[PDB]
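Q:
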Amino acid sequence: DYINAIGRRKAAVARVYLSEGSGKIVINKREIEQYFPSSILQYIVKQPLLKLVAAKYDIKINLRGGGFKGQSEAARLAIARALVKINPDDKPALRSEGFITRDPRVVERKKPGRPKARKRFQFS
Amino acid sequence: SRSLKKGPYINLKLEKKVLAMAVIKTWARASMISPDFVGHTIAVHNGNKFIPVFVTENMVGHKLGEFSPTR
Amino acid sequence: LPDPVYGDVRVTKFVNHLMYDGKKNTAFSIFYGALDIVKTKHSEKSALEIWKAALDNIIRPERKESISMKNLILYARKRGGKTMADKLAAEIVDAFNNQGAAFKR
Amino acid sequence: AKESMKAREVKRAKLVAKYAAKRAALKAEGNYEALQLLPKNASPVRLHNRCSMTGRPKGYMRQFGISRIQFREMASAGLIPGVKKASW
Amino acid sequence: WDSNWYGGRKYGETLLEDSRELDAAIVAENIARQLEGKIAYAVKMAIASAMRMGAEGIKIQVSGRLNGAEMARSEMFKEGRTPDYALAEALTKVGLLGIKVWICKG
Amino acid sequence: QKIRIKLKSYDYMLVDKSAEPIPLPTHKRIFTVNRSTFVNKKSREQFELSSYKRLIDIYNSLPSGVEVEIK
RNA sequence: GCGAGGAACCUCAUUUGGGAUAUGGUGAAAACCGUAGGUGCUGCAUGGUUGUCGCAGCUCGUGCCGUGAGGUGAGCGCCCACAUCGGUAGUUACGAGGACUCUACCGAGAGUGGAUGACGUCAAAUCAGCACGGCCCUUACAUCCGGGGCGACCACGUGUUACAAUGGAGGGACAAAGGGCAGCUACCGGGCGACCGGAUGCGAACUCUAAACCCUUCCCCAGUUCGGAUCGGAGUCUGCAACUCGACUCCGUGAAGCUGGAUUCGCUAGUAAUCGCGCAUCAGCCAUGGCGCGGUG
Ligand SMILES: [K+]
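So, in structure tokens, the structure goes:
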């Protein structure tokens with residue numbers, strides 16, 4: 002029916018339903034070419050498909067939270083682990099390029115007595 | 002400025018004294040000068056003294072404390 | 012990190028050097044506009062090869099590359115002009131021609 | 002601090018509660034030549050939020066009615082229910 | 018917590034209403121009573139009693155104008171491994195004395 | 003017809019033991050005050066006050094510190 | 001940019017003056033008339049809290065060495081949050097993919113941030129948060145109220161805007177985390193606009209939350225379509241009252257300012273630099289401050 006996976010990056014959660022088809026990636030009931038108008042953002046989301055697989059899958063994506071770079075990176079991670087479920091022989095091809103590893107870095111909390119996290123007031 | 006729905010802020014006791022009216032002493036520094044005040048000597052408090060003010064038509068529409076500096 | 016139009020990490024590193032204020036797509040647009048101007052005005058090889066040759070014309095190899103990129107960007111800012119890309123294209127053409135205040139400085 | 006401070010605060014609260022009805026009746030209408038006949042203490046604009054026990058007029062907290070120093074003292078002592086100390 | 022009531026976004030008129109033997113507080117008050125009665129330093135008797143009836147570790151700190159001297163001082167009296183806590187105030191003719199008591203056996 | 007019971011306290015173990038259940042998100046408040054009683058700023062500590070809420074439903078028909098709303 | 005995380009009145013301690021120790025009339029009010037307390041002194045008398053020293057060595061016993069001052073077996077140096085996956089819950093969340101809140105393992109193979117601070121010197125700070133030894137005020141250093149002051153005019157510290165094309169303006173397209181709601185507000189019109197006047201949900205997984213970015217056009221190096229100080233006019237709120245001395249919205253006016261000498265300050269990654277959003281106190285607000293939250297990086 003639909004191979005399912007999830008991706009997270011900063012405060013952005015992506016859900017992928019990969020089914021057999023011919024391209025036509027739809028995100029949030031909107032086309033991928035109209036939801037992400039930047040060619041860099043479309044290259045990140047559709048990166049692992051071109052690494053191995056494009057034009058042979060129909061993908062529906064639900065996005066929530068974060069910004070445009072957070073969501074595009076979160077969407078890339080979700081697709082990467084959805085492709086390894088379809089074939090267990092594609093794991094080394096995706097890990098070598100560094101696609102299945104989740105980056106856990108999130109915005110650090112602001113410590114008291116300082117205007118920012120690691121920035122201190124000017125002493126002089 | 003004071004909203005037009007409320008009208009001018011004129012002290013009722015000072016207005017009554019002026020209408021019934029010698030220099031008239033007062034502490035009403037925030038009272039707005041009305042056209043009925045014209046021709047009168049009002050001694051406004053300033054903190055330690057009573058500065059006299061002779062009301063003329065040009066001053067109409069200004070607070071009484073504008074013509075009595077404190078510092 | 013891969014470049015979005017060429018796929019070379021050197022382009023991404025150069026855009027990182029160019030980056031101001033945390034705005035990276037602006038630096039990418041400036042670099043691509045300068046690479047287009049380097050072909051529209053003057054211009057043998059492609060724009061990417063010309064830029065690589067200019068970098069070569071302008093100690094660890096990584097440190098050498100970083101200092102070359104920093105010098106090129108600094109002298110691009112130093113030279114006059116209205117648009118930053120319109121300026122920087124002059125540095126690429128001038129480093130290809132091996133002249134100017136940028137070379138050997 | 003002091004005692005006259007608390008005494009006049011209580012007097013102001015009593016006068017405000019006494020005159021809370023006529024002031025609202027005059028304010029709902031357009032009357033203002035009589036709204037200035039009320040005593041200045043009767044208006045609720047002269048109601049500062051002092052600490053309930055010490056009487057400090059700064060650093061007030063609305064939830065507990067106490068200043069920050071008293072809040073820290075009672076939170077360390079366990080007197081305030083629920084409030085704990087963050088482990089981080 | 019000492020108080021176990023529930024206050025939902027409102028604690029006023031409730032905190033105000035609240036305001037209006110190896111047990112830490114009891115031994116602290118005993119030491120304060122001895123200090124008010126001028127029985128010197132008291133803390134040695136408390137430590138001996140705790141060790142006699144089974145305290146793993148006891149620490150006592152006394153601060154203030156000890157023995158009527160014109161200077162302040164804080165000395166520790168620690169017995170046991172010490173690998182709960184109480185505070186007491188004694189009003190003497192030379193001022194106020196603060197007694198901090200720690201028992202680590204529980 | 004149904005009866006919904008909403009429990010809320012400041013102790014998760016207390017509400018869990020009281021409720022003999039959908040766990041609602043908690044409401045955590047953070048208070049920041051100066052450690053010193055005087056001008057020494059930039060030295061603060063954080064006090065957390067948490068509220069835990071639970072919901073249960075009975076279709077077609091407690092320790093201190095818990096408030097329960099029945100609807 | 002501190003106690004102060006809300007000085008128009010009150011706070012208020014400071015100054016000048018008037019008092020005291022049911023209705024009328026007189027009054028600026030307090031008040032008048034008839035029918036124990038100290039926010040006073042002493043932090044070099046204190047308790048309790050705080051900052052620094054900024055820290056690896058702090059104590060309890062035996063023997064031995066020295067005429068002596070001295071030298072040399074036991075007690076002590078974790079927690080919270082974030083990542084991955086695996087079992088239970090389903091409403092005001094989207095029948096179990098996420099959220100939400102409870103548990104269990106987490107490299108012998110192919111961590112970070114924060115809080116704890118036994119170990120400390122500064123006669124370090126705090127009698128104005130709070131108690132308190134001593135001294136000094138009682139016809140006044142006590143007490144009530146109006147009107148003023150804490151906001152008046154060269155040096156230093158801390159910041160906010162800029163000095164511009166990696167930019168300003170106009171018109172369209174974007175998609176967040178946390179935190180508030182007797183107050184925020186769905187919707188209709190008076191309005192250029194600040195918000196007023198009719199009504200609607202909501203005491204809380206109904207209501208306030210984006211901008212930087214992505215397109216299109218103008219400006220083309222000009223003290224300018226940069227900049228937004230100062231000053232004149234109109235107003236909208238709050239409040240008994242906005243003159244000294246509030247915020248906001250329109251219309252004008254348009255200042256210094258061309259990237260900054262000697263020197264000096266902050267950090268080593270979701271970090272600096274940037275962009276917006278929220279909260280505490282609060283009728284209103286001086287909030288460009290303090291405390292947090294997320295985007296790109
Ligand atoms: K007030």
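Residue numbers (PDB author numbering), protein chains in the order written: chain J, 2 to 53, 55 to 126; chain p, 2 to 22, 29 to 78; chain m, 12 to 54, 57 to 71, 93 to 139; chain g, 2 to 89; chain k, 18 to 37, 109 to 129, 132 to 173, 182 to 204; chain K, 3 to 22, 38 to 78, 91 to 100. No residue lacks a Cβ here, since even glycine has one placed at the ideal position from N, Cα and C.
1) For p:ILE58, collect the residues of the same chain with a Cβ closer than 6 Å to its Cβ; drop the 5 residues on either side in sequence, then sort them by chain order.
2) Please check if any C-beta of chain K sits within less than 8 Å of the C-beta of J:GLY115.
3) Can you give the Cα-Cα distance for g:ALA35 and p:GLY72, rounded to whole angstroms?
4) From the beta carbon of J:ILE41, is the nearest beta carbon of chain m less than 8 Å away?
5) Alpha carbons only, please: which of J:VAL108, J:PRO117, J:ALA82, J:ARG111 is nearest the one belonging to J:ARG97?
6) Taking K:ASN51 as part of the beta strand (DSSP E), name the residues at either end of that continuous run.
7) Jot down the residue ranges of each uninterrupted alpha helix (DSSP H) in the stretch 8-83 of chain g, minimum 4 residues, whole runs only, in chain order.
8) Which term fits g:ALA78, buried or exposed, when burial requires 16 or more other beta carbons within 10 angstroms of its beta carbon?
9) Name the DSSP bridge partner or partners of p:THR48?
10) Please report the distance separating the alpha-carbon of J:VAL46 from that of J:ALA76.
11) Could you list the residues in the stretch 40-56 of chain g with a C-beta less than 9 Å from some C-beta on chain k, going in chain order?
12) Any heavy atom of ligand 1 closer than 7 Å to the CB of p:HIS52?
13) Could you work out which residues of chain K lie near k:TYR23, taking near to mean beta carbons separated by less than 9 Å?
14) Could you check if K:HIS44 belongs to the surroundings of ligand 1, using beta carbon to heavy atom distance under 7 Å?
15) Is any non-hydrogen atom of ligand 1 found closer than 7 Å to the C-beta of p:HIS69, if you look at the structure I gave you?
16) What do you get for K:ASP13, buried or exposed, if any count of 16 or more other CB atoms within 10 angstroms of its CB means buried?
17) Following a CB-centred definition, is p:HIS47 positioned closer than 7 Å to any heavy atom of ligand 3?
18) Are there three or more Cβ pairs, one per stretch, closer than 8 Å when the stretch 188-204 of chain k is compared with the stretch 133-147 of chain k?
19) Identify the continuous beta strand (DSSP E) that holds k:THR190 and give its terminal residues.
20) Taking the alpha-carbon positions, what's the J:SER39 to m:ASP14 distance?
21) Could you tell me if the beta carbon of g:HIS49 falls within a distance shorter than 7 Å of some heavy atom in ligand 1?
22) Is there contact between the stretch 59-77 of chain g and the stretch 120-127 of chain k, where contact requires at least three CB pairs shorter than 8 Å?
23) Identify the contact partners of p:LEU5 in chain g, using a Cβ-Cβ distance below 8 Å as the criterion.
24) Excluding five sequence neighbours on each side, which residues of the same chain lie with their C-beta closer than 6 Å to the C-beta of K:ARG6?
25) Using a beta-carbon distance cut-off of less than 8 Å, what residues from the stretch 15-44 of chain m approach chain J?
26) Between K:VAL17 and chain g, is there a C-beta pair that is closer than 8 Å?
27) Counting along the chain, where does the beta strand (DSSP E) carrying k:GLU169 start and finish?
28) Taking the straight line between their C-alpha atoms, what separation do you get for J:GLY115 and K:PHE48?
29) Which first and last residues belong to the beta strand (DSSP E) in which k:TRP200 is found?
30) Let's test the definition: count the other Cβ atoms within 10 Å of the Cβ of K:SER11 and tell me whether it reaches 16, buried, or not, exposed.
31) Who pairs with J:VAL17 in a beta bridge, going by DSSP?
32) p:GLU73 lies in the beta strand (DSSP E); which residues open and close that run?
33) Could you name the residues of chain p that g:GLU34 contacts, counting a contact when the two beta carbons are closer than 7 Å?
34) Does k:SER164 pass the burial test, meaning 16 or more other C-beta atoms within 10 Å, or should it be called exposed?
35) Does the beta-carbon of k:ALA186 have 16 or more other beta-carbons within 10 angstroms, so that it is buried, or is it exposed?
A: Answer, in terms of the structure:
1) Translated into the one-based positions of the second sequence, residue 58 of chain p becomes position 51. Within the same chain, p:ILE58 has close Cβ partners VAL51, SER75.
2) On the first sequence, residue 115 of chain J is found 113 positions in, with the first residue counted as 1. Yes, contact with chain K.
3) Taking the first residue of the fourth sequence as 1, we reach residue 35 of chain g at position 34. Taking the first residue of the second sequence as 1, we reach residue 72 of chain p at position 65. Computed Cα separation, rounded: 23 Å.
4) The residue given as residue 41 of chain J occupies position 40 in the first sequence. With 8 Å as the cut-off, J:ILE41 counts as an interface residue toward chain m.
5) Looking up residue 97 of chain J in the first sequence gives position 95. Selected option, being the one with the closest Cα: J:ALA82.
6) Along the sixth sequence, one-based indexing puts residue 51 of chain K at 34. It spans 44-51 - the beta strand (DSSP E) in which K:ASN51 sits, taken as one unbroken run.
7) Entirely contained in the stretch 8-83 of chain g, the alpha helix (DSSP H) runs reaching 4 residues are, in chain order, 69-78.
8) If you number the fourth sequence from 1, residue 78 of chain g lands on position 77. Here g:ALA78 is exposed: its Cβ has fewer than 16 other Cβ atoms, across all protein chains shown, within 10 Å.
9) The residue labelled residue 48 of chain p in the question sits at position 41 within the second sequence. According to DSSP, which records beta bridges pairwise, p:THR48 is partnered with p:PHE61.
10) The sequence position of residue 46 of chain J within the first sequence is 45, counting from 1. The sequence position of residue 76 of chain J within the first sequence is 74, counting from 1. Near 8 Å, if we compare the C-alpha coordinates of J:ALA76 and J:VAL46.
11) From the stretch 40-56 of chain g, only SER53, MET54 have a Cβ closer than 9 Å to chain k.
12) Position 45 of the second sequence, counted from the start, is the residue given in the question as residue 52 of chain p. No - ligand 1 has no heavy atom lying nearer than 7 Å to the Cβ of p:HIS52.
13) Walking along the fifth sequence from the start, residue 23 of chain k turns up at place 6. Within chain K, the residues near k:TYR23 are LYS10, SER11, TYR12, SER93, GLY94, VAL95, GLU96.
14) Against the sixth sequence, residue 44 of chain K aligns to sequence position 27. Checking the Cβ of K:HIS44 against ligand 1 gives no.
15) Here residue 69 of chain p refers to the residue found at position 62 when the second sequence is read from its first residue. No, the beta carbon of p:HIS69 sits no closer than 7 Å to any heavy atom of ligand 1.
16) Along the sixth sequence, read from residue 1 onward, the residue named residue 13 of chain K stands at position 11. Classified as buried, K:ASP13 has 16 or more neighbouring CB atoms from the shown chains inside 10 Å of its CB.
17) For the structure depicted, ligand 3 is absent and the ligand set comprises only ligand 1.
18) Touching, yes, given that three or more Cβ pairs across the two stretches are closer than 8 Å.
19) For the purposes of this step, residue 190 of chain k is taken as the residue at position 92 of the fifth sequence. Annotation: the continuous beta strand (DSSP E) that includes k:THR190 extends over 183-190.
20) Within the first sequence, residue 39 of chain J is the residue found at index 38, counting from 1. Within the third sequence, residue 14 of chain m is the residue found at index 3, counting from 1. One C-alpha to the other measures close to 14 Å.
21) Indexing the fourth sequence from 1 puts residue 49 of chain g at position 48. For ligand 1, a non-hydrogen atom lies closer than 7 Å to the CB of g:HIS49.
22) Contact fails: fewer than three Cβ-Cβ distances are below 8 Å.
23) Indexing the second sequence from 1 puts residue 5 of chain p at position 4. Chain g residues near p:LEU5: none, gap ~12 Å exceeds 8 Å.
24) Counted from its first residue, the sixth sequence places residue 6 of chain K at position 4. The residues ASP74, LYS100, in chain order, have a CB closer than 6 Å to that of K:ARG6 in the same chain once the five nearest residues on each side in sequence are set aside.
25) Result list: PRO15, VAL16, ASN36, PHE39.
26) What you label residue 17 of chain K is simply residue 15 of the sixth sequence in a count that begins at 1. Using a Cβ-Cβ cut-off of 8 Å, K:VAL17 does not count as an interface residue toward chain g, since no Cβ of chain g sits closer than that to its own.
27) The residue given as residue 169 of chain k occupies position 79 in the fifth sequence. Counting along the chain, the beta strand (DSSP E) containing k:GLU169 begins and ends at 163-170.
28) The residue given as residue 115 of chain J occupies position 113 in the first sequence. The residue given as residue 48 of chain K occupies position 31 in the sixth sequence. Using only the alpha carbons, I get a separation of about 15 Å.
29) On the fifth sequence, residue 200 of chain k is found 102 positions in, with the first residue counted as 1. Start and end: 193-201.
30) Your numbering for residue 11 of chain K matches position 9 in the sixth sequence. With 16 or more other Cβ atoms from the protein chains shown falling within 10 Å of its own Cβ, K:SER11 counts as buried.
31) Stepping through the first sequence from its first residue, residue 17 of chain J is reached at position 16. DSSP links J:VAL17 through a beta bridge to J:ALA6, J:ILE63.
32) On the second sequence, position 66 is the one that residue 73 of chain p refers to. Counting along the chain, p:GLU73 falls outside any beta strand (DSSP E), and DSSP gives it neither H nor E.
33) Along the fourth sequence, one-based indexing puts residue 34 of chain g at 33. Under the 7 Å cutoff, chain p gives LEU13.
34) Here residue 164 of chain k corresponds to residue number 74 of the fifth sequence, with the count starting at 1. Counting Cβ neighbours within 10 Å, k:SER164 comes out exposed, since fewer than 16 surround it.
35) Taking the first residue of the fifth sequence as 1, we reach residue 186 of chain k at position 88. By the Cβ neighbour-count rule, k:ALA186 is buried, with 16 or more other Cβ atoms within 10 Å of its own.
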